[PDB]
Structures are given as C-alpha cells and as structure tokens.
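Note sheet for the following structure.
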Amino acid sequence: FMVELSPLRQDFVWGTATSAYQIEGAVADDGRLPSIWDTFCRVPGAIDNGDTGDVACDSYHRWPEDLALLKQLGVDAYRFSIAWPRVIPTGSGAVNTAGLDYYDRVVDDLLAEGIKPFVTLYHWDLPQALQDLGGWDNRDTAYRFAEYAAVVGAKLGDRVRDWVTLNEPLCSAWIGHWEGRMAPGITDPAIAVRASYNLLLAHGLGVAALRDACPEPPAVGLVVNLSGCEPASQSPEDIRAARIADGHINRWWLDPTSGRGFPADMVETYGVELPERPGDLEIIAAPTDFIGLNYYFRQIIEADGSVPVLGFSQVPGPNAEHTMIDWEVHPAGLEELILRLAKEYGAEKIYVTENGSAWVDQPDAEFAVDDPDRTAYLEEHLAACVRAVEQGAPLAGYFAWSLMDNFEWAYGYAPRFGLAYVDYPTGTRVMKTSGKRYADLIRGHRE
C-alpha cells in the first residue's frame, strides 16, 4: 500500500515531534534542577530495566545532529518541548539564562532552515521543587506555570507562533496520580481528580499568559491523547462502561476547555469535590486556536466491578496487528477522532500532534534499519488523515512521533518510536526506512 496525499492542501504542515526529558539528557548541566521524572527514575521498579533520562539522546549537547535529521526529513515544522526545570529551575523566581538561551538558539536554527517551531510548554517534567509543595495538588502550581509561560513567550514569541500549553494531561493526572505508573507515582483518585483540575486551570492561565507576553500574537492549543472507547460486547453494562471510559479519557478534557463545563456523569462517577473558585471555568475555557490530537490506539472497554470508582477495564483490541508494546494498530480510529473533534466539538483547526509506533529494530553495524511495520503504520495513518480531510475535517497538519528513538517513560528505551535510529552509547542518529519514506511522501505532496 502507498498513500495518496494529493487531497491535502499545500499549506498542510508536515512535522515530527520530541519532548525535552525524553531526548535532552544533560540533566545536571547549565543550571538545570531535577524534575519529577528525574526523581521517578531513582525509584526501584518505576522504569523498565532501570533506565533513566540522565543522558537519553544527549540533544542538549547534540542539537545540531537533530537539526540534520530534520533537514533530511524536509518537514515544515518541529514540535519540541521546553524543560521547565531548565528555564525556571525551582519553578519560582529566578530565570536560568543559559537554559532559556538553549531554546532561543534552537528556534533561530530551525528558522534558518525554514522549519517552524511548535513549542510545548509542559511535557510532564514538573520541577521537583514544585512537587515538594504538593505539585499539581497545589493550585499555586498553575500560577507558577503561567509565570513560566510568560517568561518563555516573552523570549521566543517574536518568532514562535504556534504553542501547546500542556501535553496529554490525562497522563499527568490519571497515570501520574491515580495509576501511579508515571511521575510522581501517586495512587489516589481524589488527588488525581484535583490534579486534573489544576492542570486544566494551568492550561487556561497559560493561554492568557502567552497572549499577554508574546511580542507577536500566538496560536495556542491543548494537546490531548484521545482514544475511541468501544464496548467489548453489546450488553447494556459494557455499553455504559465504554461511555464512562469515554468520559475519563476524552470528554473530561474536551468538555470544560470547550465551555461545556465538566461532564456531569464523570463528576458524579468520581465523587470528588473539585477545587473550584469563581471565574475558573472561564479560564479553563480560554479560547484556543487549534486542538492537538495525539492518537495511538482505540480502547475496547468492558464493565469491571473490580476497578474502584471507574468500574471498567480495557481489554485487548481485536485487530491482528499490534506493536511491540501490544498497542493495537487501528488507523480508522484516527479518522474517527479527527471527525469527532470537527463535528461534535466544532473544532476550527486540528493538528495530529503525535502519531507513530514502536517495533523491534534490527540495525546493522552502521545502524541502518529497515522497519517495514513502522513504515506501514505511518502510511495507513496518513491515509486515515486524508479520508478525514475528504469528509470536511479542518486538519492542518501531522506530526510523526518521533524524530528519533528516545526515552519512552516507564518503558525506558526498549520501545523505539523513531523515524531515525539512535545508537545510545555514541548518540549516532541514522534515518530508518520509515523516515526516508516520510521524506519521500512529503516531497511528493509538495510536487
């Protein structure tokens, strides 16, 4: 199968994405202080194989090697994140000049190569100093986030025009504070629900901070990892359970940012008093210029009385094709979610801010990798994007996760998502077949 991209407008944005803790390393260099992910990597058992982000791809010191990959791809845009503890290391007060200078240089270099920066402010690396004050269960953290947004926007917002406040708040809130599988490893539904609230408040305060501080008017959006939630059977119980999952995974984030309040069925499900103050709903519903869809899989849901509060469990998806971390391959789910954002939520501009897959790579001695399953996943999901556009969706671009292999959180380095292979001992990056195919597809679209 070879995807046909001609239905996409010529001003479609072709991109690829990374995040700071996953690639930068240099965790103690040039004024950086620890994040909650530094701390989590010191907890025995938290990360598969005892991996850490201490070195990762060493992109703090090897940024030109990333830029070389970006030029080889011919992407129009690069989505990367700013490390809060590199810029305001304690989360309050003093700005770390050297840290902010790094990102200033990245922006200039990208623009010199004709590549637009898409900047994520928060990609999970909360300063540990703020976690020591209660983290996202302290409303003050949202105001610290807004201050950080204003610092970064004032510095970069003459050149950076495209901004993400938070990446995947579901992961920060539910996986970081309910499941405990991501930093800070808390397992408490009440803390988790309050954290989800303060995260959404931080999003809204951050939108306002960027519009106030950027020298040129910013386009700002939230990034959410959505999954269609489908019942394992047509029993009334499974249908209802899948709808609760839909609230937990999708509507909890989309409804209040769209001005529809928090979904009443989920408020009743959680039974947690939201830490709400007058005016907060208007802040959370701050007007945005796009919505960022991260998509990897749908979720098949069954009713499950053994799961406290939620009463549902994910079960395996039925498609034969699964990635190395057992994520079902289902490109139709990407088409469907793009259309749901356009139709049900009236989204005026949608980006696929992440999509990609991890497979076992077999490099040769010079790190060349032929990755046919990663390539096929890419082509099939691009075809789903094309179908959504043909049905009227305002899809403005697509960002491949990821530019190169990197630290995949509690999985460690085992799942390689890169379009380019990374030899971690040397930092050598070598484009895989998938990345070369992506470059060919971009070129063919522009021709």
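The chains in the structure tokens are called A, B, ... from first to last as shown; in each chain the residues are counted from 1, and the ligands are counted from 1 in the order shown.
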Next on the checklist: DSSP on the backbone: which residues in segment 304-402 of chain A end up as alpha helix (DSSP H)? Give the answer as a ChimeraX atom specification.
Outcome noted: /A:332-343,372-390
If we count only C-alpha atoms, what is near residue 331 of chain A at a cut-off of 12 Å, once residues fewer than 5 positions away on the same chain are taken out, given as a CSV table (one decimal) with N, CA and C atoms, in the first residue's frame?
chain,number,residue,atom,x,y,z
A,227,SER,N,-8.7,8.4,22.6
A,227,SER,CA,-9.0,7.0,22.2
A,227,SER,C,-10.5,6.8,22.0
A,228,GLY,N,-10.9,6.4,20.9
A,228,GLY,CA,-12.3,5.9,20.8
A,228,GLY,C,-12.5,4.8,21.8
A,295,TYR,N,-2.8,10.5,18.8
A,295,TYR,CA,-3.5,9.3,18.7
A,295,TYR,C,-2.6,8.1,18.5
A,296,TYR,N,-2.8,7.1,19.2
A,296,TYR,CA,-2.1,5.8,19.0
A,296,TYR,C,-3.0,4.6,18.9
A,297,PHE,N,-4.1,4.6,19.7
A,297,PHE,CA,-5.0,3.4,19.7
A,297,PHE,C,-6.4,3.7,20.2
A,298,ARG,N,-7.3,2.9,19.8
A,298,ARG,CA,-8.6,2.9,20.4
A,298,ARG,C,-8.6,2.0,21.7
A,319,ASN,N,-7.9,-6.3,16.3
A,319,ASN,CA,-7.1,-6.4,15.1
A,319,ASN,C,-5.8,-7.2,15.3
A,321,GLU,N,-2.9,-6.8,14.0
A,321,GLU,CA,-1.7,-6.1,14.0
A,321,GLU,C,-1.5,-5.3,15.4
A,322,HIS,N,-0.4,-5.6,16.1
A,322,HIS,CA,-0.1,-5.0,17.3
A,322,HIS,C,1.4,-4.6,17.3
A,336,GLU,N,-11.7,8.6,12.7
A,336,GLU,CA,-12.9,8.8,13.5
A,336,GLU,C,-12.7,9.9,14.5
A,337,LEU,N,-11.6,10.0,15.2
A,337,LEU,CA,-11.4,11.0,16.2
A,337,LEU,C,-11.2,12.4,15.6
A,338,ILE,N,-10.5,12.5,14.5
A,338,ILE,CA,-10.5,13.8,13.8
A,338,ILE,C,-11.9,14.3,13.4
A,355,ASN,N,1.6,10.8,16.4
A,355,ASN,CA,1.1,9.5,15.9
A,355,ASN,C,2.3,8.8,15.5
A,356,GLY,N,2.4,7.5,15.8
A,356,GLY,CA,3.6,6.7,15.5
A,356,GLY,C,3.5,5.4,16.2
A,357,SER,N,4.6,4.6,16.0
A,357,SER,CA,4.6,3.2,16.5
A,357,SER,C,6.0,2.7,16.8
A,376,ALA,N,4.6,1.0,7.4
A,376,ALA,CA,3.2,0.7,7.0
A,376,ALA,C,2.3,1.4,8.0
A,377,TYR,N,2.6,1.4,9.3
A,377,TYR,CA,1.8,2.2,10.2
A,377,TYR,C,1.6,3.6,9.8
A,378,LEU,N,2.8,4.3,9.5
A,378,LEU,CA,2.8,5.7,9.1
A,378,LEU,C,1.9,5.9,7.9
A,379,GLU,N,2.1,5.0,6.8
A,379,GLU,CA,1.3,5.3,5.6
A,379,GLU,C,-0.2,5.0,5.8
A,380,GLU,N,-0.6,4.0,6.6
A,380,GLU,CA,-2.0,3.8,6.9
A,380,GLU,C,-2.6,4.9,7.7
A,381,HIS,N,-1.9,5.5,8.7
A,381,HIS,CA,-2.5,6.6,9.4
A,381,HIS,C,-2.5,7.9,8.6
A,382,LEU,N,-1.6,8.1,7.7
A,382,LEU,CA,-1.7,9.2,6.8
A,382,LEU,C,-2.9,9.1,5.9
A,383,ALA,N,-3.2,7.8,5.4
A,383,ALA,CA,-4.4,7.6,4.6
A,383,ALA,C,-5.7,7.9,5.4
A,384,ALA,N,-5.7,7.6,6.7
A,384,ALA,CA,-6.8,7.9,7.5
A,384,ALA,C,-7.0,9.5,7.6
A,385,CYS,N,-5.9,10.2,7.8
A,385,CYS,CA,-6.0,11.7,7.8
A,385,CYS,C,-6.6,12.2,6.5
A,386,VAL,N,-6.1,11.6,5.3
A,386,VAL,CA,-6.6,12.1,4.0
A,386,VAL,C,-8.2,11.8,4.0
A,387,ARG,N,-8.6,10.7,4.5
A,387,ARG,CA,-10.1,10.4,4.4
A,387,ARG,C,-10.8,11.4,5.3
A,388,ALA,N,-10.3,11.8,6.5
A,388,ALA,CA,-10.9,12.7,7.3
A,388,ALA,C,-11.0,14.1,6.6
Next on the checklist: List as number ranges by chain the protein and nucleic acid residues near residue 401 of chain A, meaning an atom at most 9 Å away when only C-alpha atoms are counted, but skip any in the same chain fewer than 3 places from it.
Outcome noted: A: 16-18, 353-357, 404, 417-419
May I have the residues from that selection written out with N, CA, C and O atoms, as a PDB file, in the first residue's frame?
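Just written: result38.pdb:
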ATOM      1  N   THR A  16       7.332  16.565  12.823  1.00  0.00           N
ATOM      2  CA  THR A  16       7.740  15.454  13.671  1.00  0.00           C
ATOM      3  C   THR A  16       7.960  16.031  15.066  1.00  0.00           C
ATOM      4  O   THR A  16       8.085  17.248  15.230  1.00  0.00           O
ATOM      5  N   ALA A  17       7.974  15.161  16.081  1.00  0.00           N
ATOM      6  CA  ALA A  17       7.873  15.622  17.461  1.00  0.00           C
ATOM      7  C   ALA A  17       8.841  14.885  18.374  1.00  0.00           C
ATOM      8  O   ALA A  17       9.168  13.714  18.148  1.00  0.00           O
ATOM      9  N   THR A  18       9.265  15.595  19.429  1.00  0.00           N
ATOM     10  CA  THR A  18      10.025  15.063  20.563  1.00  0.00           C
ATOM     11  C   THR A  18       9.532  15.762  21.824  1.00  0.00           C
ATOM     12  O   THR A  18       8.657  16.627  21.768  1.00  0.00           O
ATOM     13  N   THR A 353      -0.900  16.065  16.551  1.00  0.00           N
ATOM     14  CA  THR A 353       0.354  16.480  17.163  1.00  0.00           C
ATOM     15  C   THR A 353       1.257  15.310  17.538  1.00  0.00           C
ATOM     16  O   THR A 353       2.442  15.543  17.809  1.00  0.00           O
ATOM     17  N   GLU A 354       0.739  14.072  17.554  1.00  0.00           N
ATOM     18  CA  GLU A 354       1.552  12.862  17.677  1.00  0.00           C
ATOM     19  C   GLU A 354       0.811  11.679  17.070  1.00  0.00           C
ATOM     20  O   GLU A 354      -0.383  11.497  17.318  1.00  0.00           O
ATOM     21  N   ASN A 355       1.555  10.837  16.355  1.00  0.00           N
ATOM     22  CA  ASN A 355       1.098   9.522  15.926  1.00  0.00           C
ATOM     23  C   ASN A 355       2.341   8.759  15.498  1.00  0.00           C
ATOM     24  O   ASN A 355       3.230   9.341  14.886  1.00  0.00           O
ATOM     25  N   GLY A 356       2.417   7.478  15.836  1.00  0.00           N
ATOM     26  CA  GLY A 356       3.599   6.706  15.498  1.00  0.00           C
ATOM     27  C   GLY A 356       3.547   5.357  16.179  1.00  0.00           C
ATOM     28  O   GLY A 356       2.556   5.021  16.825  1.00  0.00           O
ATOM     29  N   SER A 357       4.639   4.599  16.042  1.00  0.00           N
ATOM     30  CA  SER A 357       4.615   3.219  16.522  1.00  0.00           C
ATOM     31  C   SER A 357       6.016   2.702  16.839  1.00  0.00           C
ATOM     32  O   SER A 357       7.017   3.165  16.279  1.00  0.00           O
ATOM     33  N   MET A 404      13.348  10.714  16.485  1.00  0.00           N
ATOM     34  CA  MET A 404      14.339   9.677  16.725  1.00  0.00           C
ATOM     35  C   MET A 404      13.929   8.885  17.957  1.00  0.00           C
ATOM     36  O   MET A 404      13.107   9.341  18.760  1.00  0.00           O
ATOM     37  N   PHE A 417      10.475   4.547  18.939  1.00  0.00           N
ATOM     38  CA  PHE A 417       9.460   5.170  18.099  1.00  0.00           C
ATOM     39  C   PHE A 417      10.049   5.974  16.948  1.00  0.00           C
ATOM     40  O   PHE A 417       9.294   6.598  16.196  1.00  0.00           O
ATOM     41  N   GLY A 418      11.372   6.015  16.818  1.00  0.00           N
ATOM     42  CA  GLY A 418      11.982   6.996  15.948  1.00  0.00           C
ATOM     43  C   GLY A 418      11.821   6.681  14.475  1.00  0.00           C
ATOM     44  O   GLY A 418      11.803   5.523  14.042  1.00  0.00           O
ATOM     45  N   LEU A 419      11.699   7.755  13.698  1.00  0.00           N
ATOM     46  CA  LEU A 419      11.976   7.685  12.270  1.00  0.00           C
ATOM     47  C   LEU A 419      13.463   7.529  12.012  1.00  0.00           C
ATOM     48  O   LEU A 419      13.844   7.085  10.916  1.00  0.00           O
TER      49      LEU A 419
END
Checklist entry - So which one's closest to residue 305 of chain A, A:335, A:344, A:238, A:51? Using only C-alpha atoms, please. => result A:238
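Atom CA of residue 20 of chain A lies 27.4 Å from atom CA of residue 440 of chain A.
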Item to check | strand (DSSP E or B) call set, DSSP backbone run, segment 82-324 of chain A, as a ChimeraX atom specification | outcome: /A:116-122,127,162-167,219-225,229-231,291-294,299-303,312-315,322
Output file for the selection above: N, CA, C and O atoms, as a compact mmCIF listing (two decimals), in the first residue's frame:
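Everything below was put into out.txt:
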# COMPACT_ATOMS: atom_id res chain seq x y z
N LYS A 116 9.37 25.57 11.02
CA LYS A 116 8.60 26.31 12.02
C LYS A 116 8.64 25.60 13.37
O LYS A 116 8.38 24.39 13.44
N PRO A 117 8.95 26.31 14.46
CA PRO A 117 8.90 25.69 15.79
C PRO A 117 7.48 25.61 16.33
O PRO A 117 6.75 26.60 16.34
N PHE A 118 7.09 24.42 16.79
CA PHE A 118 5.84 24.20 17.51
C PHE A 118 6.23 23.84 18.94
O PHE A 118 6.72 22.73 19.19
N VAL A 119 6.03 24.76 19.88
CA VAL A 119 6.63 24.65 21.20
C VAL A 119 5.61 24.16 22.21
O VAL A 119 4.56 24.79 22.42
N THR A 120 5.93 23.04 22.87
CA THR A 120 5.17 22.55 24.02
C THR A 120 5.77 23.11 25.30
O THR A 120 6.96 22.91 25.57
N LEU A 121 4.95 23.77 26.11
CA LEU A 121 5.48 24.32 27.37
C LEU A 121 5.62 23.25 28.45
O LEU A 121 6.64 23.21 29.16
N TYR A 122 4.61 22.39 28.62
CA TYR A 122 4.63 21.39 29.68
C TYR A 122 4.50 20.00 29.08
O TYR A 122 3.40 19.60 28.66
N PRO A 127 9.08 20.78 37.77
CA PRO A 127 10.22 20.90 38.70
C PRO A 127 9.93 20.17 40.00
O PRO A 127 8.84 20.29 40.57
N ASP A 162 3.36 29.18 17.30
CA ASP A 162 2.50 28.01 17.46
C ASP A 162 2.90 27.32 18.75
O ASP A 162 4.04 26.88 18.89
N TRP A 163 1.96 27.24 19.69
CA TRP A 163 2.24 26.91 21.08
C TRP A 163 1.26 25.87 21.60
O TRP A 163 0.05 25.98 21.38
N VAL A 164 1.79 24.91 22.35
CA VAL A 164 0.99 23.97 23.12
C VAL A 164 1.23 24.25 24.60
O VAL A 164 2.38 24.36 25.04
N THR A 165 0.16 24.39 25.37
CA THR A 165 0.28 24.58 26.81
C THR A 165 0.71 23.28 27.48
O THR A 165 1.85 23.17 27.95
N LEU A 166 -0.19 22.30 27.54
CA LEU A 166 0.08 21.01 28.15
C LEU A 166 0.01 19.91 27.10
O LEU A 166 -0.86 19.93 26.22
N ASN A 167 0.90 18.93 27.25
CA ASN A 167 0.84 17.68 26.51
C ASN A 167 0.17 16.59 27.35
O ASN A 167 0.67 16.25 28.42
N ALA A 219 -0.74 31.45 18.25
CA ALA A 219 -1.75 30.40 18.10
C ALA A 219 -1.48 29.36 19.18
O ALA A 219 -0.37 28.83 19.26
N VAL A 220 -2.48 29.10 20.03
CA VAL A 220 -2.29 28.31 21.24
C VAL A 220 -3.33 27.21 21.30
O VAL A 220 -4.52 27.45 21.02
N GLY A 221 -2.91 26.03 21.72
CA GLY A 221 -3.83 24.92 21.90
C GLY A 221 -3.36 23.94 22.95
O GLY A 221 -2.19 23.93 23.35
N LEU A 222 -4.31 23.12 23.40
CA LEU A 222 -4.04 21.97 24.25
C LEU A 222 -3.77 20.73 23.40
O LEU A 222 -4.31 20.60 22.30
N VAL A 223 -2.94 19.82 23.90
CA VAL A 223 -2.72 18.53 23.25
C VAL A 223 -3.30 17.44 24.14
O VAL A 223 -2.93 17.31 25.31
N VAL A 224 -4.21 16.64 23.56
CA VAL A 224 -4.86 15.54 24.28
C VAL A 224 -4.65 14.24 23.52
O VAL A 224 -4.80 14.19 22.29
N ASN A 225 -4.35 13.16 24.26
CA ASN A 225 -4.27 11.82 23.69
C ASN A 225 -5.64 11.16 23.82
O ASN A 225 -6.02 10.70 24.90
N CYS A 229 -13.60 4.81 22.56
CA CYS A 229 -13.87 3.83 23.61
C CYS A 229 -15.08 3.02 23.18
O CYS A 229 -16.19 3.55 23.12
N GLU A 230 -14.85 1.74 22.88
CA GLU A 230 -15.87 0.90 22.29
C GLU A 230 -16.13 -0.30 23.18
O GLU A 230 -15.19 -0.87 23.74
N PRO A 231 -17.39 -0.70 23.35
CA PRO A 231 -17.70 -1.79 24.29
C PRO A 231 -17.24 -3.14 23.76
O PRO A 231 -17.32 -3.42 22.56
N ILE A 291 -6.84 22.50 18.27
CA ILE A 291 -6.75 21.39 19.20
C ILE A 291 -5.72 20.41 18.65
O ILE A 291 -5.68 20.15 17.43
N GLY A 292 -4.85 19.92 19.53
CA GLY A 292 -3.85 18.95 19.16
C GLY A 292 -4.28 17.56 19.57
O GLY A 292 -4.50 17.28 20.76
N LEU A 293 -4.43 16.68 18.58
CA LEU A 293 -4.80 15.29 18.79
C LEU A 293 -3.55 14.43 18.77
O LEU A 293 -2.87 14.33 17.74
N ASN A 294 -3.25 13.79 19.90
CA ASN A 294 -2.31 12.68 19.92
C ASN A 294 -3.12 11.39 19.80
O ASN A 294 -4.06 11.19 20.57
N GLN A 299 -9.62 2.07 22.48
CA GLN A 299 -9.70 1.20 23.65
C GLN A 299 -11.00 0.41 23.63
O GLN A 299 -12.08 1.00 23.54
N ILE A 300 -10.89 -0.91 23.72
CA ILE A 300 -12.05 -1.77 23.92
C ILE A 300 -12.27 -1.90 25.41
O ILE A 300 -11.34 -2.18 26.17
N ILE A 301 -13.51 -1.66 25.86
CA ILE A 301 -13.82 -1.46 27.27
C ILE A 301 -14.88 -2.47 27.69
O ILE A 301 -15.89 -2.66 27.01
N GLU A 302 -14.66 -3.10 28.84
CA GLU A 302 -15.68 -3.94 29.43
C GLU A 302 -16.02 -3.44 30.83
O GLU A 302 -15.18 -2.85 31.52
N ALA A 303 -17.27 -3.65 31.23
CA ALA A 303 -17.64 -3.39 32.62
C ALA A 303 -16.84 -4.30 33.54
O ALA A 303 -16.63 -5.48 33.24
N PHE A 312 -14.66 -0.02 35.04
CA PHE A 312 -14.41 -0.52 33.69
C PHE A 312 -12.94 -0.88 33.55
O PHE A 312 -12.08 -0.36 34.28
N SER A 313 -12.65 -1.75 32.59
CA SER A 313 -11.30 -2.17 32.24
C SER A 313 -11.13 -2.22 30.73
O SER A 313 -12.05 -2.62 30.00
N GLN A 314 -9.95 -1.83 30.28
CA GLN A 314 -9.56 -2.06 28.89
C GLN A 314 -9.24 -3.53 28.67
O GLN A 314 -8.61 -4.18 29.52
N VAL A 315 -9.68 -4.06 27.54
CA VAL A 315 -9.33 -5.41 27.11
C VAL A 315 -8.64 -5.29 25.75
O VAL A 315 -8.74 -4.25 25.09
N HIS A 322 -0.44 -5.60 16.06
CA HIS A 322 -0.12 -4.97 17.34
C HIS A 322 1.35 -4.60 17.34
O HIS A 322 2.18 -5.32 16.79
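The residue set within 9 Å of residue 86 of chain A, counting only C-alpha atoms and dropping same-chain residues fewer than 4 places from it, reads residues 27, 29, 30, 31, 32, 33, 34, 82, 95, 96, 98, 99, 100 and 127 of chain A.
Minimum distance to residue 358 of chain A across A:408, A:375, A:415, A:232 (counting only C-alpha atoms) occurs at A:415.
Taking atom CA of residue 146 of chain A and atom CA of residue 212 of chain A as the two end points, the separation is 10.7 Å.
Between atom CA of residue 201 of chain A and atom CA of residue 148 of chain A the interatomic distance comes to 14.3 Å.
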Next on the checklist: When you look at residue 169 of chain A with a cut-off of 12 Å (counting only C-alpha atoms), what residues show up, excluding the ones that are within fewer than 5 positions of it in the same chain? I need them as a PyMOL selection string.
Outcome noted: chain A and resi 122-124+136+164+174-177+182+192-193+195-203+222-226+248-250+252-254+294
